[PDB]
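Colleague:
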Amino acid sequence: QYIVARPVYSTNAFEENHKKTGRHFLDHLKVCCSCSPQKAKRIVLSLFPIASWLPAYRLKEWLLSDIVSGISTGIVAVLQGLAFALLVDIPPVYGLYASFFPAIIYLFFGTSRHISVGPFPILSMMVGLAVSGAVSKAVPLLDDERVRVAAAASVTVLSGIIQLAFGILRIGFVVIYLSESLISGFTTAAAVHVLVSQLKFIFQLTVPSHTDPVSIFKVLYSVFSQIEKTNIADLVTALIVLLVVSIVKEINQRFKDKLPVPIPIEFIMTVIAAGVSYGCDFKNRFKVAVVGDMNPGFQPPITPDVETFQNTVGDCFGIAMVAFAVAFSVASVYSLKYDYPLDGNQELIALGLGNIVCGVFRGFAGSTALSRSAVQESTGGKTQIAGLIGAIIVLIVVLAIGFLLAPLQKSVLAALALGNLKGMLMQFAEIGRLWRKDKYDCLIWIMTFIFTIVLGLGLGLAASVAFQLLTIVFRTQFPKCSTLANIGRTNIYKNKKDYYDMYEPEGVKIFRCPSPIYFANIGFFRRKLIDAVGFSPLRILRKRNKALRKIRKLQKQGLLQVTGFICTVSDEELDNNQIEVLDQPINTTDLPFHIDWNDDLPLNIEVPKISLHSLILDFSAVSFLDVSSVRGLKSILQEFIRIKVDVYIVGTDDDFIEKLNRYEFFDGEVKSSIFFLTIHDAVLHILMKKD
Amino acid sequence: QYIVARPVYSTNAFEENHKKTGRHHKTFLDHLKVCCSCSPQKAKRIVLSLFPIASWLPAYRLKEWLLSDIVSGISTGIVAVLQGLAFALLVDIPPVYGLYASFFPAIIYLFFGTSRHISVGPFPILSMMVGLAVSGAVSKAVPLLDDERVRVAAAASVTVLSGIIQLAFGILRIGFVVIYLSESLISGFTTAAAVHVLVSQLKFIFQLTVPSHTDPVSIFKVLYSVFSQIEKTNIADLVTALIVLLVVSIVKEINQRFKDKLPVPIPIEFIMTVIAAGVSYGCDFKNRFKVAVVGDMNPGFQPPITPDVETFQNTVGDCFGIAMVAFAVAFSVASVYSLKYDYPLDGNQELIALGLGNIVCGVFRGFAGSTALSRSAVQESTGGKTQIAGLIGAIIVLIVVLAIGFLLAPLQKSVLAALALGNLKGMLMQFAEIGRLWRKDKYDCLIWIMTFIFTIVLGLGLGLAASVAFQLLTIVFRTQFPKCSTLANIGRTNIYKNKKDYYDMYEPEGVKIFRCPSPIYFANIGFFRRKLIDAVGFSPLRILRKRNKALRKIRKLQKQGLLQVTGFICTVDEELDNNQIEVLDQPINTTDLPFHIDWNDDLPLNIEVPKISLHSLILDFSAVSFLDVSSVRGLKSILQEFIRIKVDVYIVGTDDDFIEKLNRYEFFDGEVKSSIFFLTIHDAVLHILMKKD
Ligand SMILES: CC(C)CCC[C@@H](C)[C@H]1CC[C@H]2[C@@H]3CC=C4C[C@@H](OC(=O)CCC(=O)O)CC[C@]4(C)[C@H]3CC[C@]12C
Ligand SMILES: CC(C)CCC[C@@H](C)[C@H]1CC[C@H]2[C@@H]3CC=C4C[C@@H](OC(=O)CCC(=O)O)CC[C@]4(C)[C@H]3CC[C@]12C
Ligand SMILES: CC(C)CCC[C@@H](C)[C@H]1CC[C@H]2[C@@H]3CC=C4C[C@@H](OC(=O)CCC(=O)O)CC[C@]4(C)[C@H]3CC[C@]12C
Ligand SMILES: CC(C)CCC[C@@H](C)[C@H]1CC[C@H]2[C@@H]3CC=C4C[C@@H](OC(=O)CCC(=O)O)CC[C@]4(C)[C@H]3CC[C@]12C
Ligand SMILES: CC(C)CCC[C@@H](C)[C@H]1CC[C@H]2[C@@H]3CC=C4C[C@@H](OC(=O)CCC(=O)O)CC[C@]4(C)[C@H]3CC[C@]12C
Ligand SMILES: CC(C)CCC[C@@H](C)[C@H]1CC[C@H]2[C@@H]3CC=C4C[C@@H](OC(=O)CCC(=O)O)CC[C@]4(C)[C@H]3CC[C@]12C
Ligand SMILES: CC(C)CCC[C@@H](C)[C@H]1CC[C@H]2[C@@H]3CC=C4C[C@@H](OC(=O)CCC(=O)O)CC[C@]4(C)[C@H]3CC[C@]12C
Ligand SMILES: CC(C)CCC[C@@H](C)[C@H]1CC[C@H]2[C@@H]3CC=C4C[C@@H](OC(=O)CCC(=O)O)CC[C@]4(C)[C@H]3CC[C@]12C
Ligand SMILES: NC(=O)n1c(O)c(C(=O)c2cccs2)c2cc(Cl)ccc21
Ligand SMILES: NC(=O)n1c(O)c(C(=O)c2cccs2)c2cc(Cl)ccc21
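In order, the protein sequences belong to chains X and Z. Quick note on numbering: the first sequence equals residues 1 to 691 in the working numbering. Quick note on numbering: the second sequence equals residues 1 to 693 in the working numbering.
#1: Cβ closer than 7 Å: which chain Z residues qualify as neighbours of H18 of chain X?
#2: Kindly list the residues whose CB is nearer than 7 Å to the CB of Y177 of chain X, restricted to its own chain and excluding five residues on each side of it in sequence; keep chain order.
#3: Mind pulling the alpha helix (DSSP H) runs of 4 or more residues that sit fully within the stretch 448-507 of chain Z?
#4: Out of X:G292, X:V291, X:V276, which one is the CA nearest neighbour of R285 of chain X?
#5: Quick check on the burial criterion: 16 or more other C-beta atoms within 10 angstroms. Buried or exposed for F227 of chain Z?
#6: Considering only the alpha carbon of each residue, which of Z:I513, Z:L562, Z:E660, Z:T571 lies closest to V652 of chain Z?
#7: According to DSSP, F511 of chain X sits in a beta bridge with which residue or residues?
#8: Along chain X, in chain order, which residues have C-beta atoms closer than 9 Å to that of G355 of chain Z?
#9: Quick one: is the Cβ of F320 of chain Z within less than 7 Å of any heavy atom of ligand 8?
#10: At 8 Å on the CB atoms, spell out the chain Z contacts of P264 of chain X, in chain order.
#11: Does any heavy atom of ligand 5 sit closer than 7 Å to the C-beta of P7 of chain Z?
#12: For the stretch 100-110 of chain X against the stretch 135-142 of chain X, are there 3 or more C-beta pairs whose distance is under 8 Å?
#13: Taking the alpha-carbon of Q468 of chain X as reference, which of X:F449, X:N486, X:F656, X:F478 has the nearest alpha-carbon?
#14: Tell me whether the beta-carbon of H193 of chain X lies closer than 8 Å to the beta-carbon of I168 of chain X.
#15: For my contact list, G366 of chain Z and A156 of chain Z are in at a C-beta cut-off of 8 Å; report their separation, rounded to the angstrom.
#16: Tell me, which residues are paired with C567 of chain X by DSSP?
#17: Please check if any C-beta of chain Z sits within less than 8 Å of the C-beta of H28 of chain X.
#18: Under 7 Å from any heavy atom of ligand 6, does the C-beta of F103 of chain Z make it?
#19: If you draw a straight line from the C-alpha of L559 of chain X to the C-alpha of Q584 of chain X, how long is it?
#20: What residues of chain Z sit near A520 of chain X, judged by a beta carbon separation below 8 Å?
#21: Determine the burial state of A5 of chain X: buried for a count of at least 16 other Cβ atoms within 10 Å of its Cβ, exposed for fewer.
#22: Counting by C-beta, which residues lie closer than 7 Å to a heavy atom of ligand 1, in chain order?
#23: Based on the DSSP output, what are the partners of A5 of chain X in its beta bridges?
#24: Taking the alpha-carbon positions, what's the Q166 of chain Z to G121 of chain Z distance?
#25: Excluding five sequence neighbours on each side, which residues of the same chain lie with their C-beta closer than 7 Å to the C-beta of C567 of chain X?
#26: In whole angstroms, what is the alpha-carbon distance linking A415 of chain X and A238 of chain X?
#27: Would you say the beta carbon of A43 of chain Z is closer than 7 Å to some non-hydrogen atom of ligand 4?
#28: Would the C-beta of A150 of chain X count as close to ligand 9, meaning under 7 Å from any of its heavy atoms?
#29: Quick one: is the Cβ of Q83 of chain Z within less than 7 Å of any heavy atom of ligand 10?
#30: With distances taken between CB atoms, is the gap from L408 of chain X to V245 of chain X smaller than 8 Å?
#31: Kindly identify the DSSP beta-bridge partner or partners of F676 of chain X.
#32: Whole angstroms are fine: how far does the CA of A43 of chain Z sit from the CA of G384 of chain Z?
#33: Determine the direct distance from the alpha carbon of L87 of chain X to that of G175 of chain Z, and round the result to whole angstroms.
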């Protein structure tokens, strides 16, 4: 049974009954600049994770699986680079570049062993919007893709520079702020953006490159205004590949019995399309938009153009943050599995270096794609050597084998990108779940979706995270303040309007604020305390001071005798600039009596009656205070003590006491003897003091 | 003494021992029929609230209020006429329209306002916001006397849009916007606006010409445009500005200190404006010297103009900032005078009144404004008992506009700027707050510093928006890394404190209490998991995976026929590939084995499992105020694997509403049962002890 026989403490008889322990900028500087040989070796190994895991290789049990997974992820990466390379309005030659240099750099500089870094559609569309904005903001057939590619390379370089700076500054906790509901809404909006943007390729039309605000609907108009100019054969083949891909995806997620190495319809039907393209000559018999001739070889590096460095400096921050968040989220699952310690700052540094290399070598920025990582992990990728195999596959397909991939319809790629989107868009079935879950996460999801579909894929994210930060204030703007009273005549206190056996001590009003008290709700806390208490202490003090002034005036006139309050037998309204004297503390030392303003009072003088001798502010749920809240609480406690009703604060810990000490909050009036351990011992001390 | 003899409760034997109450109605779908319930008394109350004039006009004590109100009205009227055509220079418009901004808002607020101690008009912060907005409008508009006309038209339109926004906000009853403006941010923004005033009045204190600049870095651009042409200043105008500045400051401080035997505050402002006008008319500053005298005042008002739609679209961003700053300044100024004299000011009514006043002023060729701090202070100090003083100020402005314009025409237009700089002493004194805040919170000081920097660089509207965003981020900053600790008993009673704080620290065997002194939401669930794992001492998922691997190897050996079950009689490394490792996270079931192996005492040969020392843990959630979907999911996963590794989990310090909220989260199921919540830490520990033995 629950039996306690301890004395009553007041947070100031406690420290004097139990001794404390030691509580000890130059402190951190010395321990941060302490150079050591072992520390240098550790930091070098961390900055170069390759040396950490290359020696610890179990070849005879890892090599075959890694090779198979590497070939699979390489074929998927070559299929995906020149598909995501179309969301950016650049030739698909450079898409393969974006899937090789980041992989090679991440081999050396990365920690995760189950991600295949490359381009993914969300970042590809971010880069496309950024490059369109750059080309539109730049002061003055084959004359457009050149500047598009140059601007894309520069924007990728700047995104990589931002990522590298963030990694160097060791601010890797940025991925914390994005959360889960916001990432789900942003993911759904980006999926819708993919669906809208791929229409211009699924229909084989020409669309002007729109930028930033209302990007989807502008593209929607530019696509739907020219339906009569589509190509029927291209639409038919894209449709047929779409339905067959969906059907086999269903038949693959189902029938998962005796089906090793699930059938890769992506590559299979891209091969089928390339074959029928070389066979029946869609370019001659029909009019299609086949991928252009692939030049054999890389391209010389180009210096990052400075003119577009300044123009896009806004969108590159969003690109870098989205890339880092996607990479961290994708690698989080594969680090939770297989139990290895992924490092966020190291991941940021690796991704930044990869983006610098890719942008310098005429590619575009990217990070590990969800589907590519999934296929790499499922195929048996034991480490990043699978990423190396994918990189060398991309290298050989760039250098030698390009003519077989040249006759690709360039719209089957768009439909394939639209293909793996069912699980990408299934998150739409979450508004209903979140409506009955929190009623705030659903709001944040809806606002995120609206902002990312109206403001665009860019500034929409910033507005979404700003609204996310505002949502915390929304949650704590109006705390459900209540009144507490005893239950069962023991040390249990609950809400007054919740139980039938409620018992309240005489003249004691317990107030609890179940939310942190900061700047945005100190006024609401004061109003709720006012309502729960039932009167305004400032009003009571003002009326008492007015009555005392009238009494003193009568005594000076010579109508009241002090021994009492015997009377032998003019409302003086006060002007401005002098009413402030009514807020002064009540002192009656000049009067020999001890009038309490409770029993009675001399003639024709009225003072509101009082029924409170104490109140207890429960601060168990209060987690922090700021300057505004401290000032408001000090004023509240000040006139509460001034109207001669004691105040007590309970449920606070030693660090909270220490923080409140350095606030100029304690003085001769608001003493430090007001803090108590629990509610019950405060009530007990209250009863002992009263009688 | 503290004596308690209650039974041990578990938040589920408590509800079954004490009956609850009704709680029979919701607050979302049934909230109607009380808001749309039309009633006669409700209609009278709402009409009285929407027209506060009828509330306090009948309740007038003339014989004790009229003389004081008249005196305060004359004083505030002379100050308002002195201030309108002074703040009218911050906007690049003729100072004739400045008097308009101090008359129509006052007249409208007379009818529509709740506060009885504010004199609504133009104030420098909003005047500069309107100036920046109108400069942006004139710069973004597609195509001597030809410039101020479009400037005035665009200023009137931007004022109209600000008033429309304020009226819409008041109608929507969102008057709680003002509480997103923490005192630290408001102080930083006030100081930055003071610096902006000081810089922007230089072009008039020096009598130069400066191109109108807009938004990003608008102080340093004006600083360059001013400092590039020092040689073009007028020495006489500079000399009179400096002498007036020093004397006004000196006598203002004399008024501050020598208040004893000082009947009525010193009229220095008006007295010296009169002196300057007199000497200007006398020595002919325009002829003998070259000055920038206020131009001739045309007698009469101006016909109303339609609000230009072309500039409606361009400035729609800056007008939100203008409206919010105006409403915040009005509410903050009236807050002091409502705390005094104890009357119930209504924020929505104030918003509606200010919006209507701004609409009228903008339609009648004025510019937006709200009650100025100094004007309100002088109106209150002079004895303003109600808004009839505001009416007297308004009629004073009317008569000075209509009749006496030639008297005020020969004003140097630089003494006005110096007077504007003179009062800036108290406004700029707030710079002595970074030091106070650095030793107070170390976060409010950061808010102040970032607010000042953002308002200096980004401008006024964009600076305020970015400052508010950073202020909102500061909450996450405060709760990003909670100071999580470990709790243990003190004195063998129901007192639990931090483990690293006392010498008599007693911890129960095999019980680890964890407390998170901050709300657990999306931005610290990972940190909470890391801290909990570190305090516990092991990874529960790692322990589960190793136990499952050992059990799989044991089952393989038993199938091969090497281990006998009856007790674990024995005789004499299969790495798992991907897409199948997920079987290691399954719950441990040994029903197929007759024994009850616990993975503590020992284990068959050549099989290693990490030892364990925890049989329960108590998560203190007294300080946890709220959870979201992400935190609920993370907590559910954590409790899931903790229960799966066969160590009980208990949560204490939570209230009935928190239990109710957590119930509708899909958080309780056959594994994470509802019997895990306890009242306090001590009864949880006691139940732990009773269950163990
Ligand atoms: C959910 C809400 C509160 C978020 C904020 C929404 C605004 C930022 C959006 C909604 C309407 C949008 C506008 C709708 C229409 C257009 C027209 C568009 O003009 C053109 O493309 C050319 C038109 C022409 O040449 O006639 C430029 C963007 C703009 C102003 C949009 C800019 C972004 C706006 C203001
Ligand atoms: C706020 C959310 C919930 C609703 C979003 C609706 C609007 C913000 C969208 C829907 C249709 C959009 C419009 C569709 C077509 C046009 C025309 C389009 O092209 C031109 O004006 C170019 C000239 C020409 O086409 O001849 C420019 C964008 C605009 C105004 C779009 C602006 C934004 C609009 C109004
Ligand atoms: C806190 C995070 C968001 C980073 C810090 C703020 C950046 C967003 C700022 C700080 C430095 C700024 C740069 C400082 C100097 C310049 C040169 C400046 O040169 C011009 O071209 C001037 C003419 C013009 O662009 O109007 C253009 C803006 C730019 C690139 C600025 C772009 C915005 C930057 C990167
Ligand atoms: C806030 C911290 C954690 C990250 C810091 C990274 C960025 C804020 C830096 C890194 C690279 C910088 C850019 C590098 C190069 C330039 C080009 C520079 O333009 C010129 O030199 C123009 C010369 C001319 O016009 O003659 C303007 C600044 C800018 C955009 C810089 C702006 C600031 C950037 C984006
Ligand atoms: C505390 C920090 C993180 C806040 C963010 C700072 C930026 C938003 C500021 C800092 C530097 C500023 C820039 C400094 C210089 C200029 C040049 C200025 O160009 C001109 O006025 C014309 C110059 C010419 O004609 O040569 C335009 C604004 C701009 C780009 C400024 C835009 C706003 C910037 C990027
Ligand atoms: C971030 C904080 C802590 C420091 C703020 C410093 C800069 C943001 C300021 C200081 C000086 C400013 C510059 C001072 C002078 C100029 C020239 C000025 O005029 C022109 O370029 C017009 C052409 C001409 O004057 O001939 C435009 C603004 C600019 C670039 C200013 C841009 C903003 C600057 C770099
Ligand atoms: C969010 C809630 C609480 C407040 C709503 C207030 C504003 C968002 C509204 C009120 C007045 C509106 C403005 C009223 C008039 C116009 C002019 C209008 O322009 C035209 O009609 C152009 C016609 C043409 O070009 O032929 C464009 C919208 C705009 C700026 C409106 C934009 C939306 C405003 C600012
Ligand atoms: C939540 C708060 C901040 C108010 C709601 C968002 C507003 C900031 C949005 C919603 C409606 C928007 C307006 C809707 C329609 C138009 C017409 C549009 O017409 C054009 O001139 C198109 C060409 C162009 O400006 O690029 C200009 C923007 C404007 C005024 C928008 C300005 C921004 C507004 C007021
Ligand atoms: N697994 C696999 O091989 N693939 C995919 O998942 C594709 C997608 O649709 C993606 C959407 C978001 C990331 S990938 C895809 C597209 C092409 Cl062109 C070729 C192969 C592809
Ligand atoms: N009290 C008073 O009479 N005055 C002031 O405080 C003036 C200011 O400088 C203000 C700065 C911010 C609000 S007012 C002022 C200016 C003039 Cl032109 C005439 C009188 C004035």
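Ideal Cβ positions, reconstructed from N, Cα and C, are used throughout, including at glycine.
Modeller: The short version:
#1: Looking up residue 18 of chain X in the first sequence gives position 18. Within 7 Å Cβ-Cβ: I490, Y502, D504.
#2: One-based indexing of the first sequence puts residue 177 of chain X at position 177. For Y177 of chain X, where only same-chain residues beyond five positions count, the Cβ hits under 7 Å are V465.
#3: With a minimum length of 4 residues, the continuous alpha helix (DSSP H) runs that stay inside the stretch 448-507 of chain Z are 461-479.
#4: On the first sequence, residue 285 of chain X is found 285 positions in, with the first residue counted as 1. The shortest Cα separation from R285 of chain X among X:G292, X:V291, X:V276 belongs to X:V276.
#5: For the purposes of this step, residue 227 of chain Z is identified with residue 227 of the second sequence, where counting begins at 1. Looking at its Cβ environment, which holds fewer than 16 other Cβ atoms inside 10 Å, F227 of chain Z is exposed.
#6: Indexing the second sequence from 1 puts residue 652 of chain Z at position 652. Taking only the C-alpha atoms, the option nearest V652 of chain Z is Z:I513.
#7: One-based indexing of the first sequence puts residue 511 of chain X at position 511. Per DSSP, the beta-bridge partners of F511 of chain X are X:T483, X:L617.
#8: Taking the first residue of the second sequence as 1, we reach residue 355 of chain Z at position 355. Within chain X, no residue comes near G355 of chain Z; the closest Cβ sits about 22 Å away, beyond 9 Å.
#9: Sequence index remark: in the second sequence, residue 320 of chain Z carries index 320 (1-based). Answer for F320 of chain Z: yes, Cβ within range of ligand 8.
#10: By 1-based counting over the first sequence, the position of residue 264 of chain X is 264. Ordered by position in chain Z, no residue passes the 8 Å Cβ test against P264 of chain X, which lies about 15 Å from the chain.
#11: Within the second sequence, numbered from 1, the residue matching residue 7 of chain Z stands at position 7. Answer for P7 of chain Z: no, Cβ out of range of ligand 5.
#12: no
#13: Start at 1 with the first residue of the first sequence, and residue 468 of chain X comes out as number 468. Looking at the Cα atoms, X:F449 is the closest of the given residues.
#14: Your numbering for residue 193 of chain X matches position 193 in the first sequence. Your numbering for residue 168 of chain X matches position 168 in the first sequence. No, the pair does not count as a contact, with Cβ atoms beyond the cut-off.
#15: Numbered from 1 along the second sequence, position 366 holds the residue referred to as residue 366 of chain Z. Numbered from 1 along the second sequence, position 156 holds the residue referred to as residue 156 of chain Z. Yes, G366 of chain Z and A156 of chain Z are in contact; Cβ-Cβ is about 7 Å, under 8 Å.
#16: Counting from one through the first sequence, the residue named residue 567 of chain X turns up at place 567. In the DSSP output, where bridge partners are listed per residue, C567 of chain X has X:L560.
#17: Here residue 28 of chain X corresponds to residue number 28 of the first sequence, with the count starting at 1. Chain Z contact via Cβ: absent.
#18: In the second sequence, counting from the first residue as 1, residue 103 of chain Z sits at position 103. No - ligand 6 has no heavy atom lying nearer than 7 Å to the Cβ of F103 of chain Z.
#19: Taking the first sequence and counting its residues from 1, one reaches residue 559 of chain X at position 559. Taking the first sequence and counting its residues from 1, one reaches residue 584 of chain X at position 584. Their Cα atoms are separated by approximately 25 Å.
#20: Working through the first sequence from its first residue, we reach residue 520 of chain X at position 520. Near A520 of chain X (Cβ distances below 8 Å), the residues of chain Z are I179, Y180, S182.
#21: The count along the first sequence starts at 1 and reaches residue 5 of chain X at position 5. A5 of chain X should be labelled exposed.
#22: Every residue passing the under-7 Å Cβ criterion appears here: X:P213, X:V214, X:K218, X:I450, X:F451, X:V454, X:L455.
#23: Here residue 5 of chain X refers to the residue found at position 5 when the first sequence is read from its first residue. According to DSSP, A5 of chain X bridges with Z:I3.
#24: Working through the second sequence from its first residue, we reach residue 166 of chain Z at position 166. Working through the second sequence from its first residue, we reach residue 121 of chain Z at position 121. Rounded to the nearest angstrom, the two C-alpha atoms are 15 Å apart.
#25: Translated into the one-based positions of the first sequence, residue 567 of chain X becomes position 567. Counting only residues of its own chain and dropping the five nearest sequence neighbours on each side, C567 of chain X has a CB closer than 7 Å to the CB of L559, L560, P602, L603.
#26: Looking up residue 415 of chain X in the first sequence gives position 415. Looking up residue 238 of chain X in the first sequence gives position 238. Spanning the two alpha carbons is a distance of roughly 6 Å.
#27: As a working mapping, residue 43 of chain Z is identified with position 43 in the second sequence. No; taking the cut-off as 7 Å, the Cβ of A43 of chain Z has no heavy atom of ligand 4 nearer than that.
#28: Mapped onto the first sequence, residue 150 of chain X falls at position 150. Because no heavy atom of ligand 9 lies under 7 Å away, the Cβ of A150 of chain X does not count as near it: no.
#29: Locating residue 83 of chain Z in the second sequence gives position 83, counting from the first residue. Flag set: Cβ of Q83 of chain Z near ligand 10.
#30: In the first sequence, the residue the question calls residue 408 of chain X occupies position 408. In the first sequence, the residue the question calls residue 245 of chain X occupies position 245. Contact: no.
#31: Walking along the first sequence from the start, residue 676 of chain X turns up at place 676. Looking at the DSSP assignment, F676 of chain X forms a beta bridge with X:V650.
#32: What you label residue 384 of chain Z is simply residue 384 of the second sequence in a count that begins at 1. What you label residue 43 of chain Z is simply residue 43 of the second sequence in a count that begins at 1. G384 of chain Z and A43 of chain Z have their alpha carbons spaced roughly 31 Å apart.
#33: Your numbering for residue 175 of chain Z matches position 175 in the second sequence. Your numbering for residue 87 of chain X matches position 87 in the first sequence. Answer to the nearest angstrom: the Cα atoms are 45 Å apart.
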